[PDB]
Amino acid sequence: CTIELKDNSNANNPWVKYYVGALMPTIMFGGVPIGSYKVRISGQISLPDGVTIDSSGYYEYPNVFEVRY
Amino acid sequence: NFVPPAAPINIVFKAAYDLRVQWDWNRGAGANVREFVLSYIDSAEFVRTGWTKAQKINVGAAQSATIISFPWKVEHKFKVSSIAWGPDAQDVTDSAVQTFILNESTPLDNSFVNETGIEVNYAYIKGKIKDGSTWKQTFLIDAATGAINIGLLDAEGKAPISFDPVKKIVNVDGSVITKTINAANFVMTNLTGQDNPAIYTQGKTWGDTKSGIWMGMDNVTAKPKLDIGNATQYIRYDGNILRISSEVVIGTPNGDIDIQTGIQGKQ
Amino acid sequence: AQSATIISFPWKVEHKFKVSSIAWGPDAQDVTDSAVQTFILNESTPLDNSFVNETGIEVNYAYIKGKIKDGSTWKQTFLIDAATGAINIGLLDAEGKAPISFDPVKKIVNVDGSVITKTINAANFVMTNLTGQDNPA
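The deposited coordinates for this entry were obtained by cryo-EM, with a reported resolution of 4.29 Å.

Here you go:
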C-alpha cells in the first residue's frame, strides 16, 4: 500500500506520497514538513500480469493533525 | 588523483606608509582553500636568494592583507599561496610573483583605512567593518565572560562561531576539520529540523555502491541503518531486516574441546 | 607555553612561586606542582632586559597581530583580522601554515592536530581521509 499526505492548512494543496511499502498493523515514517496534514491511504495489488495493478479508492482519516514537532 | 587548490587569480594594491594587498580567489572542481599565506621579500634579496629568509604574513583565509610601514622607494616581490588539506606533495599552490615598489606616482587610497574599525575597551575587544553609515561587529571578546564570537553577524544576529566558558562549551556552526579527535561521548544530534545524524566515511551513503561505512538514524523511515563493505561484499542492516552478503563463520574449530584430554579416532 | 610574565611586580617585597602541571586524567592526579621557590626584588637582583625584545604585540585598525623576534626579524605567530574576524594561531612552519584557524566566511574551523572534548554533539561524524595515506577509522 502507498500512503499520501496533504497540508490541510492551505485551502488547496496537492496530495503527496510519503510511504510506499507493505501494509502493516503499524506504519512508521518521517522526514515530513511541519504543517498540519490530511492523510489518505490506498492499497495496490498486482494482477498476475506484471503491468496491470489494481488500486483502491483512497480512504482518508476524518481527523486532521499537526505533525508532532 | 588529488587536484591542488587554485592560486589567486589577480592581485591589486592600495597605499596610504601602510600598504594593503588583496587577492581575488576563484575555484571550481578543485581543492577547497583553508588558509592563505603571503610572502614579501626585497627584489635585491630575491636576486640574491629565492624566497629564502623572506618575511611572511599569514591570514585565516582572508582575501585582503595589510602591511604597515612598507619601505619607501624600495623594490619588492610578493606571492600568494592557497592552502588545502591534501597531501604535502600538492598541499599548496603559489600564485605568480608580482613585483611592486612604493612610489610617489602611486595614487594614495586611504579609503581602506576608514572602511574598517577596531576598538580596545575595558568591557571588551571588538572589531567592526564600516558598511555605509553604520558599523557591523566582526568579532567580540567580553571581559566578564571569556566569550569570543567570530565572524560577521547574520541578519538574525546568529554569529558563525561562538564560545562559552560559563557552560564550558565551544559552539561552531558549520564544519570542523582535525587530524584526530579524542573524546568520551560521540553523541550524534539532530541539530536541524530535518537532519540525519550518522557517522560515515566521506562521500558514502547507505545502500550505495561505494566502499564506505554508514551508521546513523534515517529520519525518513525513522529506523536505524547500517552498511559495511563494498557493493558486493557488505553487511547491510535495516530496522526491518538484516542482510549479510559475505560468507560468515561462527565460532572457532575446537571451540569446545576438552583441555585436559584431546580427541582421536581409530579403526 | 614554557614561560610567563608578571607586569609591575612589587619591588622590595618577597613572593613565593609554584608552577602547576595540569594533564588530562583522574582528578586525584590531575595536577602536579613544581617545587616551592621564593623570590625578592632588590638591588641585589640583577636586571635582564633581554626578554623585552623578543615578544611583540601589534594593534591596529586593520588587525591585531602577535609577533616574535627570530634571527632579528619579527615572526608572526597569531593574527586577528579586524575585518571579518579571520583568526589564525601558532607559529608558521616551512611554507606559512597556522596549526589552528577559524574561517567565519566558510564556517570552517581548521585544526592541524587533535581536539579533546568530554562530549561532542555533531550531526555528521564524517570520516574523511585528509592526508590521503592514512586509512581513517
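Undergrad: Just checking my understanding: could you explain the overall build of chain B for this structure?
TA: A tally of helices and strands in chain B yields 2 helices and 21 strands. Summarising its shape, the C-alpha atoms of chain B cover approximately 110 × 50 × 40 Å along the three principal directions. For chain B, with 267 residues in total, the buried portion stands at 34%. Accessible surface, chain B: about 16200 Å² in total, of which carbon and sulfur atoms supply 54%. Distance from the positive charge centre (25 side chains) to the negative charge centre (27 side chains) of chain B: 1 Å.

Undergrad: Can you walk me through the interface of chain B and chain A in this structure?
TA: Accessible area lost upon the coming together of the parts is a frequently used measure of interface size. The interface is formed by 5 residues belonging to chain B together with 4 residues belonging to chain A. For the pairing of chain B and chain A, the buried interface totals around 370 Å² over both sides, and the portion due to carbon and sulfur atoms is 54%. Applying the counting rule to chain B against chain A returns 2 residue pairs in polar contact. Looking at side-chain class alone, the side of chain B that touches chain A contains 2 nonpolar, 2 polar and 1 charged residues.

Undergrad: Sorry, what's going on with the sheet that holds strand β2 (residues 19–24) of chain B here?
TA: Strand-to-strand pairing in sheets goes through backbone hydrogen bonds, with the strands running parallel or antiparallel. Residues and elements named next belong to chain B. Sheet architecture is open: 3 strands sit in the order β1-β2-β5, paired in antiparallel fashion. Either end of the sheet is taken by a strand with one partner, and the two such strands are β1 (10–15) and β5 (64–67). For this sheet the average axis-to-axis angle between neighbouring strands, irrespective of direction, equals 20°. Where β1 lies against β2, 6 bridges are found, and the strand directions are antiparallel. Following the sheet pairing, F13 is matched in β2 by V21.

Undergrad: In this structure, what is going on with the packing of aromatic side chains? I would like to understand it.
TA: Given two aromatic rings, one states the distance between the centres and the angle between the planes to describe the pair. Residues and elements named next belong to chain B. What the rule picks out here adds up to 10 aromatic pairs over all chains. Taking 6.1 Å as the distance between ring centres and 70° as the angle between the ring planes, the aromatic pair formed by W25 and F36 counts as edge-to-face. Highlighted residues: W25 in the loop between β2 and β3 (35–42) and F36 in strand β3, separated in sequence by 11 residues. Between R34 and the ring centre of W85, over which it is positioned, the NZ or CZ distance is 5.2 Å.

Undergrad: In this structure, what is going on with the interface of chain C and chain B? I would like to understand it.
TA: Listed as interface residues are 59 residues of chain C and, on the opposing side, 65 residues of chain B. Contact between chain C and chain B buries roughly 5300 Å² in total, counting both sides, with carbon and sulfur atoms accounting for 60%. On the chain C side of the contact with chain B, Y61, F125 and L130 of chain C bury the most area, a combined 13% of that side's loss. Here chain C is connected to chain B by 1 salt bridge.

Undergrad: Explain the sheet that holds strand β17 (residues 198–201) of chain B to me, please; I cannot follow it from the model alone.
TA: Taken together, the 6 strands give an open sheet; going across it, the order is β21(B)-β20(B)-β19(B)-β18(B)-β17(B)-β12(C), and neighbouring strands pair in mixed fashion. The strands lining the two open edges of the sheet, one partner per strand, are β21 (242–244) of chain B together with β12 (125–127) of chain C. Within this sheet the neighbouring strands show an average axis-to-axis angle of 10°, counted without direction. Where strand β20 (residues 234–238) of chain B and β21 of chain B come together, 3 bridges link them in antiparallel fashion. Bridge pairing links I235 of chain B to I244 of chain B in β21 of chain B.

Undergrad: Quick question: what am I supposed to make of unusual backbone geometry here?
TA: Of all residues except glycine, most have a negative phi; of all peptide bonds, most are trans. Residues and elements named next belong to chain B. Backbone geometry at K73 places phi at a positive 55°, although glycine is not the residue there. Considering the arrangement of structural elements, one finds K73 in the loop between β5 and β6 (75–83). You can call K73 exposed: its relative accessible area is 52%.

Undergrad: Help me understand a nonpolar patch on the surface in this model?
TA: Residues and elements named next belong to chain B. On the surface, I213, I228, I235, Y237, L242, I244, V248 and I250 cluster together into a nonpolar patch covering about 720 Å² of accessible area. Looking at the nonpolar patch, the elements that each hand over two or more residues are β20 and β21. Locating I228 in the fold gives a position in strand β19 (residues 223–229).

Undergrad: Please explain the arrangement of the chains as it appears in this structure.
TA: The pair of protein chains exhibiting the most contacts, out of 2 pairs of chains in contact, is chains B and C. One thing to see here is that chain A and chain C don't touch, and their nearest C-alpha atoms sit 16 Å from each other.

Undergrad: I tried to follow the nonpolar core on my own but got confused; where do I start?
TA: General note: in soluble globular proteins, nonpolar side chains tend to be found buried as a group. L19, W23, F36, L38, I67, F78 and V80 of chain B are the most contacted members of the largest nonpolar core, which has 25 residues in total. Broken down by secondary-structure element, the contributors of at least two residues to this core are β2, β3, β4 (56–59), β5 and β6 of chain B.

Conventions and cut-offs
Residues numbered from 1 in each chain as written, not as in the entry; some residues may be left out. Chains lettered and ligands numbered in written order. Part of a larger assembly, values for the part shown. Heavy atoms only, no water. Helix = DSSP H or I, 4+ residues; strand = E, 2+ residues; numbered from the N terminus. Buried < 20%, exposed > 50% of the residue type's maximum accessible area, 1.4 Å probe, protein only. Areas by Shrake-Rupley, 256 points an atom, 1.4 Å probe, with all protein chains shown as cover. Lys, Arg positive; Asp, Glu negative; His and termini not counted. Charge placed at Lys NZ, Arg CZ, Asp CG, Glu CD. Contact = heavy atoms within 4.5 Å. Buried area = accessible area lost by both parts, 1.4 Å probe. Polar contact = N/O pair within 3.5 Å; in protein donor to acceptor, adjacent residues only side chain to side chain. Nonpolar A, V, L, I, M, F, W, Y, C, P; charged D, E, K, R; others polar. Pairing = 2+ DSSP bridges. Axes fitted to C-alpha atoms, helices over the stretch in contact; angles between N-to-C directions. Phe/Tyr/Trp six-rings, centres within 6.5 Å; stacked < 30°, edge-to-face > 60°. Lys NZ or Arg CZ within 6 Å of the ring centre and 35° of its normal. Salt bridge = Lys/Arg side-chain N within 4 Å of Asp/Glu carboxyl O. Patch = residues over 30% accessible without salt bridge, like charges linked within 9 Å, V, L, I, M, F, W, Y side chains within 5 Å. Core = buried A, V, L, I, M, F, W, Y, C linked by side-chain atoms within 4.5 Å.

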